[PDB]
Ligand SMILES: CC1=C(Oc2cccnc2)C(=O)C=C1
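Below sits a lone chain in structure tokens, taken as the form solved without the ligand.
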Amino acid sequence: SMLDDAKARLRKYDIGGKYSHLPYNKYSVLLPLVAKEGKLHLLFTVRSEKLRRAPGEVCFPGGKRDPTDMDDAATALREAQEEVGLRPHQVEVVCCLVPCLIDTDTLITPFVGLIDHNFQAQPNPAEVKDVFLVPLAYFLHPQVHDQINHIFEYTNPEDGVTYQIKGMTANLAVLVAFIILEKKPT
């Protein structure tokens, strides 16, 4: 099946806990995979303005580890619940992808999660201004704009609204698309 095929591909790139004990400032992100209309999609947030860290940007759900988190996957799930109301029974964490090093003292750990078909996003307006889906296949042939910095523009065919996706978020989206969609019969 489509979902079993995706999880089996993703498992080959799981690094597990290999890098999780190193002494960094620690953040996790959840890359949430949603099946709709026979295709895979990724779920993105638009961050609120009132936030000190990173206002108005397109990002995956996530944030800073705290002392309650049992492990780095727990951080990602805690933060996804607070931002969009995703509950634990509604997500299966499939793997941990290559972490991202930033600013010399920070390590960001990405987890891929499969999302239950009955989940419906409840944006928390104190953290998130918007929540939207992008088909995974988009990231193999994106609409690119140069700010030189590469920026993707995605227009939702439902309402004509355009979103800009860039930086680590765009890099991780392309990676997940390559892992899941490369070399597939039609």
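Counting begins at 1, following the sequence as shown.
The protein also exists as the form solved in complex with the ligand; that form is not presented, and the subsequent description refers to it.
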- Is every one of 34, 115 and 119 within 4.5 Å of the ligand in the entry with it bound, counting heavy atoms? yes
- Task: Find out whether any non-hydrogen atom of residue 131 is located within 4.5 angstroms of the ligand in the entry with it bound, and reply yes or no.
- Result: yes
- Would residue 136 show up as a contact with the ligand in the entry with it bound if we use heavy atoms at 4.5 Å? no
- Task: Decide whether residue 40 counts as a contact residue for the ligand in the entry with it bound under a heavy atom distance cut-off of 4.5 Å.
- Result: no
